[PDB]
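Presented below is the structure to which this report refers.
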Amino acid sequence: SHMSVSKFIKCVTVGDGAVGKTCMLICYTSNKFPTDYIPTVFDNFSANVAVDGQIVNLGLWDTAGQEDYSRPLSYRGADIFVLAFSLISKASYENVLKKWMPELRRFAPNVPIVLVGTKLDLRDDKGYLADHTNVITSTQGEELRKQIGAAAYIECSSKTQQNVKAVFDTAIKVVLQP
Ligand SMILES: Nc1nc2c(ncn2[C@@H]2O[C@H](COP(=O)(O)OP(=O)(O)O)[C@@H](O)[C@H]2O)c(=O)[nH]1
Ligand SMILES: [Mg+2]
């Protein structure tokens with residue numbers, strides 16, 4: 001053949017501003033956590049990645065909020081969404097229900113979702129835990145996944161790199177498995 005890679009997968013990352021969408025993408029693609037400048041949106045990025053028996057062409061689309069009441073081009077052609085909220089922001093968790101799930105039901109009804117809790121390094125910090133009465137536990141994260149019908153739930157930290165690869169590996173596997 002003239003093409004050893006025959007599957008393209010468009011993976012769009014969405015969720016509230018400042019939860020860590022862009023850093024996840026920089027972490028996954030570069031194996032580095034940015035310490036100075038972080039762009040609003042990661043460059044549109046595409047690369048071959050090996051998942052199981054396969055090499056696929058992964059296209060990563062980053063997003064940023066807009067005040068737009070027209071009722072997004074970036075969603076067109078999406079095979080899977082990574083829907084991020086921060087493990088230390090209740091508002092971002094509640095916005096998955098109030099903002100993001102409504103948006104995705106309207107604009108991308110049949111597209112699966114990988115639900116991602118970010119900033120695991122903060123949520124799991126014992127100092128943080130000791131001072132907060134009502135923490136977003138893995139249990140609450142799994143309850144959200146269930147409520148929204150997401151394919152998987154993953155907790156990660158771009159800062160320590162924990163489970164970042166798992167996010168996009170799982171996104172790919174959801175698309176490739178039945
Ligand atoms: N502690 C910690 N901070 C993070 C992590 N990911 C992102 N951040 C910080 O969270 C803020 C927002 O990150 P960014 O990726 O720009 O979020 P985005 O608006 O969703 O794209 C920045 O100051 C990042 O340094 C993480 O895993 N752990
Ligand atoms: Mg960003």
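Each residue takes its place number in the sequence, starting with 1.
- Under the 4.5 Å side-chain contact rule for hydrophobic residues, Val14 and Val19 do not share a cluster.
- Without hydrogens or angle criteria, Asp62 side chain to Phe42 main chain gives a donor-acceptor distance under 3.5 Å.
- The closest donor-acceptor contact from the side chain of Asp121 to the backbone of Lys159 lies at 3.5 Å or more, if one exists at all.
- Heavy-atom neighbours of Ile55 CD1 from other residues, nucleotides or ligands within 6.0 Å: at or below the threshold of 12.
- The shortest non-hydrogen separation linking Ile136 to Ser89 is CD1-O, 3.7 Å.
- Counting only distance, with no hydrogens or angles, the side chain of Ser46 and the backbone of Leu58 share a donor-acceptor pair below 3.5 Å.
- Rounding to the nearest 0.5 angstrom, the gap separating the CG atom in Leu60 from the CG atom in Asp43 is 11.0 Å.
- Between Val12 and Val82, the closest side-chain pair of non-hydrogen atoms is not below 4.5 Å.
- Using a 4.5 Å heavy-atom cutoff, the side chains of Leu144 and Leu97 are in contact.
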Distance-only check: which donor-acceptor pairs under 3.5 Å involve side-chain atoms of residues 165-178, not counting sequence neighbours?
residue, atom, partner, partner atom, Å
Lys165, NZ, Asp169, OD2, 2.8
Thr170, OG1, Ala166, O, 2.7
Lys173, NZ, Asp52, OD1, 2.9

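- Side-chain atoms of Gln147 do not come within 3.5 Å of backbone N or O of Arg145 as any donor-acceptor pair.
- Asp79 is linked by a side-chain hydrogen bond (donor to acceptor under 3.5 Å, both in side chains) to nothing, counting only residues two or more places apart in sequence or in another chain.
- The aromatic rings of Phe85 and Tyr153 lie parallel to each other, with less than 30° between the two planes, well short of the 60° mark.
- Residues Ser157 and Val164 come closest through the heavy atom pair O-CG2, 3.5 Å.
- Considering all non-hydrogen atoms of both residues, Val5 and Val56 come closest at CG1-C, 3.8 Å.
- The aromatic rings of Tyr128 and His132 sit parallel to each other, their planes meeting at less than 30°, with 60° as the upper class boundary.
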Set out, in order, the CA-CA distance, both residues' side-chain angles and the distance that settles side-chain contact (heavy atoms from CB on, under 4.5 Å) for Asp16 and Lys99, then state yes or no. CA-CA 9 Å; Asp16 283 4; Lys99 195 203 273 175; 3.0 Å; yes

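- Cluster annotation: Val41 and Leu25 are assigned to distinct hydrophobic clusters (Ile/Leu/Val/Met/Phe/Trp/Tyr, side-chain heavy-atom contacts under 4.5 Å, transitive).
- Judged by distance alone, with hydrogens and angles left aside, the side-chain atoms of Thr22 form a donor-acceptor pair with the main-chain N or O of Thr40 at under 3.5 Å.
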Residue pair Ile148, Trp100: steps toward the side-chain contact (heavy atoms from CB on, under 4.5 Å) verdict: CA-CA 10 Å; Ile148 75 175; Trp100 297 110; over 6 Å; no

Which is it for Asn57 and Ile9 under the side-chain contact (heavy atoms from CB on, under 4.5 Å) test, yes or no, and what are the steps along the way? CA-CA 6 Å; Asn57 187 1; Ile9 294 169; over 6 Å; no

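- Contact annotation: the side chain of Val114 approaches that of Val116 to within less than 4.5 Å [non-hydrogen atoms, C-beta and beyond].
- Contact check for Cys156 versus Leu120: no side-chain heavy atoms found under the 4.5 Å cut-off.
- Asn44 has its side chain within reach of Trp61: a pair of non-hydrogen atoms, C-beta onward, lies under 4.5 Å apart.
- In this structure a side-chain-to-backbone donor-acceptor pair under 3.5 Å is present from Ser158 to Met24.
- Not one N or O on the side chain of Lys10 forms a donor-acceptor pair closer than 3.5 Å with the backbone of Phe81.
- Here OG1 of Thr118 is found 12.5 Å from CG of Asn163. Values are rounded to the nearest 0.5 Å.
- Within the model, atoms CD of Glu103 and CG of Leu83 stand 10.0 Å from one another, a figure rounded to the nearest 0.5 Å.
- The two residues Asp125 and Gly127 come nearest to each other via the heavy atoms OD2-N, 3.0 Å.
- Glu155 and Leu87 get closest at one heavy-atom pair: OE2-CD2, 3.6 Å.
- Side-chain atoms of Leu104 and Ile113, non-hydrogen and from C-beta on, do get closer than 4.5 Å to each other.
- Distance alone, capped at 3.5 Å, is enough to place a donor-acceptor pair between the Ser92 side chain and the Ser86 backbone.
- Formation of a donor-acceptor pair under 3.5 Å by the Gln140 side chain with backbone atoms of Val135 is found in this model.
- When all heavy atoms of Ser74 and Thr63 are compared, the closest pair comes out as OG-CG2, 3.8 Å.
- Between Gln66 and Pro72, every side-chain heavy-atom pair lies at or beyond the 4.5 Å cut-off.
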